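These notes are about the structure you will find just below.
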Amino acid sequence: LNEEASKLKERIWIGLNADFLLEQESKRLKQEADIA
Amino acid sequence: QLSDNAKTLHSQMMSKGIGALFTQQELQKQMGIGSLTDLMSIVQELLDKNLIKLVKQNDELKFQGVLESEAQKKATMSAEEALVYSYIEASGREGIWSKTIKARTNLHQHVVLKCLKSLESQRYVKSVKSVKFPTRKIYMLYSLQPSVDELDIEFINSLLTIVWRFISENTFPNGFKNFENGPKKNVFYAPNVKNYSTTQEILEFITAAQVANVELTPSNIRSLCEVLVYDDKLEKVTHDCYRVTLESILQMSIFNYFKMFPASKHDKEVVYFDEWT
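These protein sequence lines are chains A and B, in that order.
The number in the UniProt record's numbering is simply the position in the first sequence, starting from 1, with 474 added.
Quick note on numbering: the second sequence equals residues 10 to 158, 169 to 271, 292 to 316 in the UniProt record's numbering.
Structural data, given as structure tokens:
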């Protein structure tokens, strides 16, 4: 697909998935909470 | 008024709250103007609206103004997790244990497990395996872990065996075992003149570091010394004065446990420490 299809299409897929990758990064943030 | 006595009652709380010493009698101490039923009903709803709080301790009951972050926090929680979390944050420093909190809250493992997992995700309480035996897994507020205590495990032995060196050197000069009377040569002139120990200097010596370590109390230093006493590595004279037993020759009928090797083969005519029992 062309580049805008990757951007905007991906913009939608991440549109839903930014919660998936979100809580992913939230665990990655809990890796800081490993300290306490 | 609900909002007026709410905001000015939250004002005396957010300023002081009579510290942590507030009882309900302290309410009338500052603001007694509201009728008995009004000040009680507004405390009721401001706990329902979680604009103030209650604590169950000692005589009467404590109260405070809400941080409102804790309000939203515990309000997002379930019904138990109000009493569960806020009950556990009351446990504070020492935390609280599992089957002992069940009997307090009248619940079961499973139903108390779920809130443990919820605040586990919240990370406002924490898994706590304390200095006592890990039969507990007590949980206190994740933000704070003050507790009674170096550490139970090793690499204290390392610092002991090394400081024993420096202290032995502090007795007379170093090994000088290059020949027989080489050691101490009458400890200068009349070692009676030399009355010495560190008992103080140790931490000044501990400045060397060169290991994972922190500072330590002279009391526990004295415990390190007590071990070597028990160890018969050093000697206790005039309280904090200490004189190494010079086991260094030990370190290297006629009696020593070192310089000894067993036969321990074939012939059955021997000696044990059991063989009789």
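Ideal Cβ positions, reconstructed from N, Cα and C, are used throughout, including at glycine.
First through last residue of the alpha helix (DSSP H) which encompasses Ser130 of chain B: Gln118 to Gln131
By alpha-carbon positions, which one of B:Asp68, B:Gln73 and B:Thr264 ends up nearest to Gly28 of chain B? B:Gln73
Using the beta-carbon of each residue, which ones in chain B are nearer than 7 Å to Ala507 of chain A? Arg132
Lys203 of chain B: which of B:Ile293, B:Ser267, B:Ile225 and B:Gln219 sits nearest, CA to CA? B:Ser267
Closer than 8 Å by beta-carbon distance: list the chain A residues that pair up with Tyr148 of chain B, in chain order. The contacting residues do not exist; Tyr148 of chain B stays about 13 Å from chain A at best.
Quick one: using the 10 Å Cβ neighbour count with 16 as the cut-off for buried, is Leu122 of chain B buried or exposed? exposed
Quick one: measure Cβ to Cβ for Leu235 of chain B and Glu169 of chain B, integer angstroms, because I've assumed they're closer than 8 Å. 7 Å
Nearest-angstrom Cα distance between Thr190 of chain B and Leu222 of chain B? 18 Å
Nonlocal neighbours in the same chain, by C-beta distance under 7 Å from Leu55 of chain B, ignoring five residues either side: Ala15 and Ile61
Does the separation of the CB atoms of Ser187 of chain B and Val230 of chain B fall below 9 Å? no
Three-state class that DSSP yields for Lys504 of chain A in the structure shown: helix
Burial state of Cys260 of chain B, where buried means 16 or more other Cβ atoms lie within 10 Å: exposed
So for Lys255 of chain B, helix, strand or coil by DSSP? strand
Residues of the stretch 81 to 110 of chain B with a CB closer than 7 Å to any CB of chain A: list them in chain order, please. none
Between the C-alpha atoms of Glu129 of chain B and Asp251 of chain B, what's the straight-line distance to the nearest angstrom? 49 Å
By the criterion of Cβ-Cβ separation under 9 Å, what are the contact partners of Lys501 of chain A in chain B? Neighbours of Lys501 of chain A on chain B: none; closest Cβ ~10 Å, over 9 Å.
Would you mind reading off the limits of the alpha helix (DSSP H) that contains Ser267 of chain B? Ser267 to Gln270
Helix, strand or coil at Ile293 of chain B according to DSSP, with G and I counted as helix: coil
Pair within 9 Å by beta-carbon distance, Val52 of chain B and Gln39 of chain B: no
Say whether chain A places a C-beta atom closer than 9 Å to the C-beta of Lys135 of chain B. yes
Going along chain B, which residues have a C-beta under 8 Å from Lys504 of chain A? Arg132
Which whole-angstrom value describes the C-beta separation of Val134 of chain B and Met149 of chain B, a residue pair presumed to lie in contact below a C-beta threshold of 8 Å? 7 Å
In the DSSP assignment, the alpha helix (DSSP H) including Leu490 of chain A goes from what residue to what residue? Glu484 to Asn491
So the candidates are B:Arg102, B:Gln131, B:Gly101 and B:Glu90; which of them puts its Cα closest to the Cα of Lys111 of chain B? B:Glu90
Looking at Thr257 of chain B and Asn200 of chain B, is the spacing between their C-beta atoms short of 9 Å? no
Can you name the start and end residues of the alpha helix (DSSP H) that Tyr249 of chain B belongs to? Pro237 to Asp250
So what does DSSP say about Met149 of chain B, is it helix, strand or coil? strand
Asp508 of chain A to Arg132 of chain B, Cα distance in whole Å? 10 Å
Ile51 of chain B (DSSP reduced to helix, strand or coil): helix
Thinking C-beta only, is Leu179 of chain B closer than 9 Å to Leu243 of chain B? yes
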